[PDB]
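S.K.: coordinates only, sequence not included:
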RNA sequence: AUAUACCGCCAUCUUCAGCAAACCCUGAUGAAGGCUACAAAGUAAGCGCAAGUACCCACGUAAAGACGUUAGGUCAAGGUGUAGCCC
Ligand SMILES: [K+]
Ligand SMILES: [K+]
Ligand SMILES: [K+]
Ligand SMILES: [Mg+2]
Ligand SMILES: [Mg+2]
Ligand SMILES: [Mg+2]
Ligand SMILES: [Mg+2]
Ligand SMILES: [Mg+2]
Ligand SMILES: [Mg+2]
Ligand SMILES: [Mg+2]
Ligand SMILES: [Mg+2]
Ligand SMILES: [Zn+2]
C-alpha cells in the first residue's frame, strides 16, 4: 500500500 | 465433490456465459453439443478422426483469432462440408476479420481436404448469463 | 427552405440535431471544425420552427466563435 | 506435442497456486510470489519471427492506391523490430515500477494515521468530499470456529471529519482489510458528532473525564500552542478542526476507549453562550496580552441578573496533583516539554 | 540577487501554495521521540543528504534578511518566537542562518 | 482520433412482413440474429 | 422572484401565529376527563420520567394531570397540523391490537399512513434497502401507543430519533417519554381515550390539509389578477 | 525431487442443509450477538437443498449435492511452479 497501487466514445459508420 | 466443468461459486463478481454456467449433467437437458456429426451414432464409423479434428480446430481458432472469440465454437458437418460458427468480439478491425476468414478457410480446406466455411457473429461484449 | 406543418417540422428538427452532431464529432476534428454559414443558419431555423428555442438560442454563440454571418430570416424568426 | 498444450488461463491458474491448502489458511507465505503477466498484451496479430508483412493483417492493405503483396523484412530490419519490442517491454515494466509512494502513518509499518480519502458518495447522489478519513487502529482478530479452526478477520477503527467541528468514528469488520475500511469510513459519516470550538481553534474549557479505565485530561490553550496530545488525539483533532490543545492520557491506553472517550468529552463541553444563558451573567475574558481590558465574550440573551455571583472565599474544587506539582516547579520529567515536529 | 522574487513566482505557488515551505517535511528517526537536535547540515562538501531539510531541499530559497516573507514562515505569528529547529526540521546550519537573518 | 466502428442496425428492421423469405435463407446456414 | 413570495405567503405565514389552525377548540379538560384520559396504571408500574406529568395516586392508581395533558396536547396537535399543512408524511404507529383496525381506518380517512403490525428490523434505519434508494421516509411519526406487546419501548421510538424524525406520542404512566419529541401524557388503554385521540389527530390533519388548499387557491387567483 | 507450490479429476462427512456478498441494529461502538407469529431487529442478492429433467408415473432409482473438514489421493493421465540431471 505504501509502495503504491498502480494496476493501471464516439462511433461512426465506415470510420477512418 | 464433483469438479468436472463446474465454475464454482464466488463472491458474485465473476461473469459466466450460458455454456460455462451448466455442469456436465445438464448436457442434452439445458445445453446442447458444441459439435454435431454422425460419427457417434449407432453403426457409424470414423468417430476417432472427427474427435481429433475437432480438438485441433478449437485450438487453431483460439490462436488464429486471439482475444476475439467470445464463446466456444460450434462445429457443424454436413456431408463433407465443415462449418465453423464463432461468436467474436468487435475489437479487431473488419479488414483483419476478413483476412483471417480468408486465410483460415483456405488453410483448413487444404489441411482436411474438404470445403470449410467460417461464419462469424459479432457481439459488443461477452454475453453474461449470470454472475457467480 | 420553407415552413411545414408542425408534425413535419418536428421531424426535420430531430434530423438537424443528428446532423449537428455530425458536424460536432467530425473525424477532421483535429483540424478546426468547418461549420458552413448555410448549415448554421438552417440548423438554427429548424429548432425555432420546431419550438426548441432553448437549443436555438445556445447556437447563436457559434456565429461569433466561427465568425459566420447570420441570415436575415434567422434574425427575424 | 501440440495436443498437450493448454491455454494461458489454465497455465497461470496452475503456476500461481492461488487456490489450495496453502492459500486456504495462508499456510504458505509469499516473500517471493509468482506474479501473473499478460503475454498477449504487447503482441500484434500478424507479427512473427520471420518478419513477414501480411497485407491487411499487420501492414496496410493498399499502398499508393494499389494492393500490397507479400513481403518479408530484411534480417537487419527485423533485428530492429525485435530490439524495439524488447525495449518496449522494459519500458512497460519500468512504468509499472514507477508507482507513487504514499506517506506513512504513526510509524512505517503502522496503519494508524493513514488517510483513506473521503467517504464514498451515497446512493442518492450524496457526496462527502469535504470529509477526510484517518485510520486509528487496524487489528487482526482470530475467531475459533467449530469446523474451520482459527479464522482470521480484520477489525478497523477509523475517524472522519470535515475540519469544521463535524467529526465521527466507526468500527469496521470484514475478512478483507479493504472491506473493513469501506464499512468503517462509510458508517462513521452517519454517526457524526458536532464539536464546539472556542474561536475555532481550541476547546472551551479544560476537560477531565474517564471512560471505563481510560482517563483523558484536556486543557484549553492559546493560539500557536499546537496539538501536544496522544498521536491518536492529534489525528482526531485535525479532523475536528482543533489547532491548540494539550491532552494527557492515563490508565488504560485502549484506542477504542480513547476514541469514544474523547468524543464523549468534546461533545459535553459547555460553551460561553451556554454559561451566560445558564447564569444570566456576562462572561468576561481577561487576557494578559491585553492587560486589564475586559473582553465580554458572551452575554445572556434573556434578562441580566442584578445580584453578583457569590464570591466563595475558597472554592471546593478538586485539583489534579499533576497540574499542581508542575505549577510549583516540583514536576521533574526528562520527557516533558521536549522539542517535537510541528503538529 | 532578488530572493523575494521566488516567493512571488508561479513555480513557488505550484510547489508550496499558501502553506509554509516546511509544512510537508518529516524527519526520519527511530522511536516516537525525535532527537532534540536536527542534523548539523544537509550539504556536506557540496553533496546533499538523502532527506534534505526544507531550506536545503530547494536551492531557490535564500535565507536573507530582505526576504522577509520566507523568514516569517519560521516565526510564530501569534507569539513572535522563532521556532526551534526540530519544529520545522531545518538543519542546525540553516536554523542559525535563519535566526541571524530574522534578527 | 479515429471513431470506433459502429455496428449497423440489423437488416431485420428493413424487412417487410410480406417479403419472400426463401430469398433470405436460400440454403442451409447458421442462425443469424441480424437476418432472422 | 416568485418563489420567495410563495414560501413567504404560504410556508412562513402560518409559523407567525400561535394557533394558526385553532386546534384548541378541538378539546377541553372536561372532554379529556370524560374520555378517561386521566386514568393511569398502578403505582407499581410507574415510570420515573412520567412523574412530572402525574397528578397523584388514587388508591395506588396513578392519575394523570389533565391540565398538563391539555398543554402538551395543544403542542402535539399544533405540530401535527403544521406538518400536515406542509404536506409532510405522517405515520401512525401502535402495537395494541385492540385498536389496530381503528387506527388503520383513521389513517386512510385522513390521507396518512399507518403501521400497526409487527415492526420489522430496519424499516427506518435500513429503508433504502427494504424499499429502494429513492424511498421517502415519514416526516412525522405519531405513536398512539409507545410500548410494544412485551411492555418495552416500541423500537420505532429509538429508530425515529436515529433518523431525525420528530415523534408525537401518547405516554401513559408506565411509558418512557425521553425520546418522544411531543409527548402527551394520557391514557392509552381505555377505548374512549384512544378513540378521542384518533378524532383529534384525524381532525387536526384534515383541517390542515384543507387550509393548505384554501391558501394556495387564493394565492393563485390573486396572482393572475 | 516436491500432491506441504499447483491446475486438472476426485474421496470424505453428504444416508448433510447449510454457506454468504452487501446493509441494518444490539452490547457504553469490548471480544461478540441479532429469535419469540396474540412475534421482542433483522433485511438479504447469490450458491446448495428444493424445483425441474433422465429412466417405466406425481412413486422409486439415478443424477445432483454448496461452503467447509482431512496441507485427504493423484507431479506415474496430461500440463505445470520451484529445485536438480544434460557423455
Ligand atoms: K488437490
Ligand atoms: K502431474
Ligand atoms: K513438477
Ligand atoms: Mg461422488
Ligand atoms: Mg520502516
Ligand atoms: Mg397504558
Ligand atoms: Mg493434498
Ligand atoms: Mg421424483
Ligand atoms: Mg449418486
Ligand atoms: Mg436436487
Ligand atoms: Mg499429504
Ligand atoms: Zn538543511
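M.R.: Good, I have the coordinates. Residues are numbered from 1 along each chain as shown, chains lettered A, B, ... in the order given. Ligands and ions are numbered 1, 2, ... in the order given.
S.K.: how many neighbours does the closest residue to chain C within chain B have?
M.R.: Closest contact between chain B and chain C, by Cβ to the nearest Cβ, is at residue B:93 (15.2 Å). C-beta coordinates here come from the backbone N, C-alpha and C atoms, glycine included. A count of nearby residues for residue B:93, using other Cβ atoms under 10 Å in any protein chain shown, gives 13.
S.K.: how about the contacts made by it?
M.R.: Residues counted as contacts of residue B:93 (Cβ atoms under 8 Å, 6 or more residues apart in numbering or on different chains) are residue F:5.
S.K.: do the same with residue D:73
M.R.: With contact taken as Cβ under 8 Å, 6+ apart, residue D:73 is in contact with D:51, D:52, D:53, D:81.
S.K.: quick check: the residue in chain F positioned nearest to chain B vs residue C:22, distance?
M.R.: Using Cβ to the nearest Cβ, residue F:30 is the residue of chain F that sits closest to chain B, at 4.6 Å. Separation of residue F:30 from residue C:22 (Cβ to Cβ, to the nearest Å) stands at 35 Å.
S.K.: of these two, give the one with the bigger neighbour count.
M.R.: residue F:30 (14 against 10).
S.K.: and the lengthiest helix in chain E, is it in reach of chain D?
M.R.: As assigned by DSSP state H, the longest helix anywhere in chain E is helix E:92-102. No: Helix E:92-102 does not reach chain D (Cβ under 8 Å from any Cβ of the partner chain); its nearest approach is 11.6 Å.
S.K.: mind listing what's buried in that helix?
M.R.: E:93, E:94, E:95, E:97, E:98, E:99, E:101 (16 or more other Cβ atoms under 10 Å in any protein chain shown).
S.K.: of those, which ones also sit close to ligand 12?
M.R.: If you filter those for contact with ligand 12, counting by Cβ under 5 Å from the ion, you are left with residue E:94.
S.K.: nearest to residue F:36, of the buried residues of helix E:92-102?
M.R.: Proximity of the buried residues of helix E:92-102 to residue F:36 (Cβ to Cβ) peaks at residue E:94, which lies at 80.8 Å.
S.K.: from residue D:266, how far out is the residue most central in space within chain A?
M.R.: In chain A, the residue lying closest to the centroid (Cα atoms, centre = their mean) is residue A:8, at 8.7 Å. Note on residue A:8: its distance to residue D:266, by Cβ to Cβ, is 41 Å.
S.K.: interface residues of chain F facing chain B?
M.R.: Proximity of chain F to chain B, by Cβ under 8 Å from any Cβ, involves residues F:5, F:7, F:28, F:29, F:30, F:32, F:33.
S.K.: so who does the closest residue in space to the first one that isn't next to it in sequence touch?
M.R.: Distances taken as Cβ to Cβ, 6 or more residues apart in numbering or on different chains place residue A:15 nearest to residue F:5, at 5.1 Å, with adjacent residues excluded. Residue A:15 is in contact with C:27, F:2, F:3, F:4, F:5, F:6, counting by Cβ under 8 Å, 6+ apart.
S.K.: let's go with 6 Å and repeat that
M.R.: With contact taken as Cβ atoms under 6 Å, 6 or more residues apart in numbering or on different chains, residue A:15 is in contact with F:2, F:3, F:5.
S.K.: show me where chain F has strands.
M.R.: In chain order, chain F shows strands spanning F:4-5, with DSSP state E as the criterion.
S.K.: could I get the phi/psi values of the closest residue to residue B:118 other than its chain neighbours?
M.R.: With Cβ to Cβ, 6+ apart as the measure, residue B:84 is the residue that lies nearest to residue B:118, at 4.6 Å, once sequence neighbours are left out. With angles defined as degrees, to the nearest 10, residue B:84 shows backbone torsions of phi -110, psi 120.
S.K.: surely residue B:84 touches residue B:117?
M.R.: No: using Cβ atoms under 6 Å as the test, residue B:84 is too far from residue B:117 to be in contact (7.1 Å).
S.K.: quick one, which of those two is more surrounded?
M.R.: Comparing residue B:84 with residue B:117 by other Cβ under 10 Å, the one with more neighbours is residue B:84, at 22 against 16.
S.K.: who is that one paired with across the strands?
M.R.: As for beta bridges, residue B:84 partners with residue B:75, residue B:118 under DSSP bridges.
S.K.: now the helix or strand where residue G:192 lies: buried residues?
M.R.: Using DSSP states H and E, residue G:192 falls within helix G:191-224. Residues of helix G:191-224 classed as buried by neighbour count (16+ other Cβ under 10 Å): G:193-194, G:196-198, G:200-209, G:211-212, G:215.
S.K.: now find how far off-centre it is within its chain.
M.R.: Relative to its chain's centre, helix G:191-224 lies at 14 Å (Cα atoms, centre = their mean, to the nearest Å).
S.K.: select the longest helix from chain D.
M.R.: In chain D, assigned by DSSP H, the helix with the most residues is helix D:75-97.
S.K.: the residue in chain A that chain D sits nearest to: what's it in contact with?
M.R.: Distance from chain D to each residue of chain A (Cβ to the nearest Cβ) is smallest for residue A:4, at 3.1 Å. Residue A:4 makes contact with D:99, D:100, D:101 under the criterion Cβ under 6 Å, 6+ apart.
S.K.: can you put these in CSV and add secondary structure?
M.R.: Converted to CSV, the contacts of residue A:4 look like this (DSSP: H, G, I helix; E, B strand; the rest coil):
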residue, secondary structure
D:99, coil
D:100, coil
D:101, coil
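S.K.: pull out the buried members of those residues.
M.R.: Applying 16+ other Cβ under 10 Å to the contacts of residue A:4, the neighbour count classes none of them as buried.
S.K.: specify which member of those is nearest to residue D:14.
M.R.: Residue D:14 has its nearest neighbour among the contacts of residue A:4 in residue D:99, at 28.1 Å by Cβ to Cβ.
S.K.: phi, psi of that closest one?
M.R.: On the backbone of residue D:99 - angles per degrees, to the nearest 10 - the values are phi -110, psi 130.
S.K.: who are the contact partners of it?
M.R.: If you count contacts by Cβ under 6 Å, 6+ apart, then residue D:99 has A:4, A:6 around it.
S.K.: count the residues that sit near residue B:113.
M.R.: 8.
S.K.: where along chain G do the strands fall?
M.R.: Using DSSP E, strands in chain G cover G:39-42, G:54-57, G:61-64, G:90-93, G:113-115, G:140-143, G:167-171, G:182-185.
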